[PDB]
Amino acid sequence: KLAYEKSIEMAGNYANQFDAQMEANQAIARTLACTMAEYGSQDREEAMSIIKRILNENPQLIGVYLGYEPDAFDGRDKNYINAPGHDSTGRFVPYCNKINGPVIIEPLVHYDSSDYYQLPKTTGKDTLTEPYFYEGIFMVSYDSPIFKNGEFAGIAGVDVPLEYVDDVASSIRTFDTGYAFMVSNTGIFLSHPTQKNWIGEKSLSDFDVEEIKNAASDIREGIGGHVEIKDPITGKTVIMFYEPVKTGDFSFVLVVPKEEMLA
């Protein structure tokens, strides 16, 4: 059936549309990490200038940062203890951001425990966190390991607000009243056209509906597909088509009332 196939192709089309800017943001952190891996100039002020320029030239970013292991940037952490942009370790951990409006540089917090630093350190791979809120801002973080001498020295990262995802996805309309939304890898809503309190707060895995649990399981694995869900209350049936977003195995979901696709 052609209506189903068109729906599958449309869900994939949108998934790749969303993936494109994600691949760009991933490349910005990765290119910064490769560059820092070679930076023997070991100049903290200049490196702070570099991540500030990257933030200013990329309005889709809200933070750009570097985070280093002890003495791994310049062997001189002891000369920067509680300096501007630094915490009591002296580690080079500048977080150049506009989370609160103006551009400021302050030290990263929780780098010893949080996924944005710990996952690239443990996996040695470019990482995309699940979405989260930070000081009021819904976002994900792309982080790439800096390898110097063959060894993990730190990370380069960018933080990406996700309000735009709701702005774009919650405007899609298909057939008569079909709609769309995006989810993260663990099935957390990045958008919803009417339930704004679910954004960043509820997962597909939270629904007591066998089919939705199954879609969520496919999404976690980066698998595309569709499920049919009959509502015992309205009798009405919808098909949820979900297609993977290559970067992070997020997923784009189109929800189509079945009668409308048969109409």
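Heads up: residue numbers just count along the shown sequence, starting at 1.
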Avg C-alpha B-factor, entry values, 55-63 vs 214-222, higher side is 214-222
Taking the mean of the C-alpha B-factors per stretch from the entry, tell me the winner out of 26-34 and 198-206. 198-206
By the CA temperature factor listed in this entry, which of these ranks top: 141, 100, 149, 186? 149
B-factor third for the C-alpha atom of residue 166 within its chain: middle
Tell me, lowest, middle or highest third: where does the Cα B factor of residue 106 rank within its chain? middle
Using the B-factors in the PDB entry, rank residue 46's C-alpha atom against the chain and give the third, lowest, middle or highest. lowest
Just say lowest, middle or highest third for the CA B-factor of residue 172 relative to the other modelled residues in its chain. highest
Thinking about Cα B factors across the chain, which third does residue 15 belong to? lowest
